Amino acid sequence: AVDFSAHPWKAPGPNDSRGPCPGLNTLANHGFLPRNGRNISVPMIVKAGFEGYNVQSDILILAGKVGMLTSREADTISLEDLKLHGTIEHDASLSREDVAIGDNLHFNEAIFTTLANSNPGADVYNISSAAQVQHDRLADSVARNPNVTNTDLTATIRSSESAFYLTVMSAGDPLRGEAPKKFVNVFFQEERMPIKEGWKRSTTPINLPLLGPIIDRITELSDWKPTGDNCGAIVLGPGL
């Protein structure tokens, strides 16, 4: 029963907190989360993701409580807190630079080129294109970042994020694991719901059972291999 017309996109001001996640950033830019990006709890994320995207509480509780670790507060974050490297934030992002060699927070068009140019000859991104992008992004980090971290955990998180953009920005059947380029590009480049472009919130719930096989197929097609430590240890709080 959400009224999207009561949730206009507004550009964030210079002091509105935004993070490395286009999903949460977009929700804030439409006021599903606080536009200032501050004082955000897991219940707020659960509600916002449901209302905005029809993403269910299973994934948002699991991911949300991990995200909470990035702040110094008892039960809230600022979106910018999520840039904390090695909690969720990882190398070989789709649209951000690796923290060791650049800006791990803001959208970067040069990084995004790989995704933007994927699935040549189609007007959608899909599971095979998403896998290719992941392969190529990881190769770039291995080439250029002397502090690169690549573990089973980061690889899984990366495939989860690719599954998110394929499903949440779909043309309405998220099971298909494909999304119009026009919608995904707006999502990343503007952190806006592409409403005027024709996007509508999925009428199918997006939950762990739906995402699981998509995640696994993306991983499988990405020709991923362990390269190093492979210990899936997360950073448990800031300033440790």
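Under this definition, the rigid core comprises the largest set of C-alpha atoms superposing within 1.5 Å between the forms. Don't overthink the numbering: it's just position in the shown sequence, from 1.
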Per-stretch CA RMS vs shown form in 8 other deposited structures of this protein, rigid core as reference, larger of 105-113/166-174 is 166-174
After core superposition, the stretch with larger RMS C-alpha deviation in 8 other deposited structures of this protein, comparing 17-25 and 225-233, is 225-233
Averaging the C-alpha B factors as listed in the entry, name the stretch that ends up higher: 74-82 or 166-174. 166-174
Regarding 115-123 and 129-137, which shows the higher C-alpha temperature factor on average in the entry? 115-123
By the record's CA B-factor, is residue 218 among the lowest, middle or highest third of residues in the chain? middle
Would the CA B-factor of residue 95 place it in the lowest, middle or highest third of its chain? middle
CA B-factor placement of residue 192, once the chain's modelled residues are sorted into thirds: lowest
Where does residue 62 sit by CA temperature factor within its chain: lowest, middle or highest third? highest
For residue 142, does the deposited CA B-factor place it in the lowest, middle or highest third of the chain? lowest
